[PDB]
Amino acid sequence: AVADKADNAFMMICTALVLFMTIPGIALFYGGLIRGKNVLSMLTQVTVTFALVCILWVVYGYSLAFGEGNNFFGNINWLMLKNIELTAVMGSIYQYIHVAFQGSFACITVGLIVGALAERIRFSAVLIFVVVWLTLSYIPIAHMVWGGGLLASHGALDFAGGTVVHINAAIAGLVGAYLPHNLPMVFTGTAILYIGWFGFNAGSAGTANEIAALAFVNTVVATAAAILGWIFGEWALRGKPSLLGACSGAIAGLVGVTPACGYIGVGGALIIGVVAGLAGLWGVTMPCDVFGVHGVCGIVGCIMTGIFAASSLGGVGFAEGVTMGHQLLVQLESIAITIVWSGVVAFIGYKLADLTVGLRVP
């Protein structure tokens, strides 16, 4: 295998766009939602934990997520990237670029959790939790889905991380919760998240090809359909649209199309978008509401991927010998496994912090 320079270029720029989603996208999103007296401390926590994830990833994270091992974890052969030649190729790009791209996914996943709970948790406690949950939840689930583990081996479909990123993070946020002063700032964060999400979704193709093109167009369409679905529902129930409603609808569509984007047709993208925007509004009606959107819209997206990948409905098609019924059962099992795995690990992380330093802010 030799590296293609067009693919090297595309994938480095997509990596920069995903890093932009955390620094400053998710920080500004939460910054406009929470109480003003809490903004400075939350911004500090997001920045410090981002740095921590970047370091853990290179020391051992990449090796245990993407090295060859078993169904649940990889190996320790790639510690500090040892034994990876600079000219080594993964797919059609230099392996060093694959390291950076996958690291940026771990960063945004952790940013989602830390932003929402920074108000309520002690600084030393959040650091302990991130170390436990990244090592024992993010890494294994990434291995299972994208690193040749249990879920991949059974043919699960998840293009850009409905399970790995969204459901994984949403469950961890909810467990923590159990244990808007500046709307122009919220809008600015939403917009930066949207633009960076093209790197997130299209970059998951690993090459500047027709599947990257499909994922790009589907991202535009599903986001737009979800803005419109949320806003219509808000007009019907509340009498009029709102700015926070429009931004929430955008996020709902982006989350919903995440697992599906490289597998479905544009018609499918429009239908997934509308359903996701409405499911999101239902979800928040029943800033920890962000875990309601990422969780509900993630499950909806993962199920609907097992429908709209069908050739009959404009998709790329299921694998050889796989019926729609079979794919649907596999999607359901992958969602169930992600929920229980993340839920158990988070509980352990929060409890270990509480025994060592105490959880609640002094």
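For every residue, the number given is its place in the sequence shown, counted from 1.
Query - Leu179-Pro180 interval: deposited residues absent from the model - result: Missing in between: 10 or more residues.
Requested in this report: Indicate whether the chain is continuous between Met286 and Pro287 or, if not, how many deposited residues are absent from the coordinates: none, 1 to 3, 4 to 9, or 10 or more.
Outcome: Per the record, 4 to 9 deposited residues are absent between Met286 and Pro287.
Query raised in the report: Is the mean CA B factor in the deposited entry higher across 64-72 or across 289-297?
Result: Higher mean C-alpha B-factor in the PDB entry: 289-297.
Query raised in the report: Between 115-123 and 245-253, which has the larger average Cα B-factor in the PDB entry?
Result: Going by the record's values, the stretch with the higher mean is 115-123.
Query - Entry-reported Cα temperature factor of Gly321, expressed as the chain third it lands in - result: Lowest third, going by the recorded CA B-factors of the chain.
Query raised in the report: Among the chain's modelled residues, which third holds the C-alpha B-factor of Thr188?
Result: For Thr188, the deposited C-alpha B-factor lands in the lowest third.
Report task. Place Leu157 in the lowest, middle or highest third of its chain's C-alpha B-factors, as listed in the PDB entry. Result -> Top third by C-alpha B-factor.
Requested in this report: Would you please rank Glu234 by its C-alpha temperature factor against the other modelled residues of its chain and give the third it falls in: lowest, middle or highest?
Outcome: Tercile = lowest for this residue's CA B-factor.
Query raised in the report: Once the chain's modelled residues are ordered by C-alpha B factor and cut into thirds, is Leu174 in the lowest, middle or highest one?
Result: It belongs to the highest third of the chain when residues are ordered by C-alpha B-factor.
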